[PDB]
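For reference, the structure is listed below as structure tokens.
Derivation of every value follows stated rules applied to the coordinates shown; laboratory data play no part. Cβ placement follows ideal geometry from the backbone for every residue including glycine, while neighbour counts extend to all protein chains displayed.
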Amino acid sequence: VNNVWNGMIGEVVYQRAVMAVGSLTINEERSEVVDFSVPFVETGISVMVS
Amino acid sequence: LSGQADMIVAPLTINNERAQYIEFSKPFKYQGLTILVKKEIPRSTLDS
């Protein structure tokens, strides 16, 4: 937002924290601003309607 | 590794023993070892 980062990735990118273990998702822009590690569970987008 | 290749673009499933000293990119597939077997023809007779 407004070319600035709203927490989470912001916390990593402002040297406040050192990792962000959780439920992050890999993306082009996200991997562009902060390095990543090897993915450890497959995921994507899925459809689910009752 | 012995300076004889620079690109390795072919199925090269990532493993610890390889990535110890080698560079990898984000995977472009998602595989997993399974088991293979052949099927059988007869299931019903209708002639007994």
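Overview of values
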quantity	calculated
Within chain A, helix-based [θ] at 222 nm, where runs of 4 or more DSSP H residues each add -39,500 (n - 2.57), nearest 500	-4500 deg cm²/dmol
C-alpha center-to-center spacing [chain B, chain A] in angstrom	29
Low-density loop positions, GluC sites (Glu not before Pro), chain B - DSSP coil, at most 11 other Cβ in 10 Å	B:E23, B:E40
GluC sites (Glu not before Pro) lying in DSSP loop within region A:8-50, provided at most 13 other Cβ fall within 10 Å	A:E42
Under 13 Å, Cβ to Cβ, from A:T25 - net charge with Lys/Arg +1 and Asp/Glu -1	-1
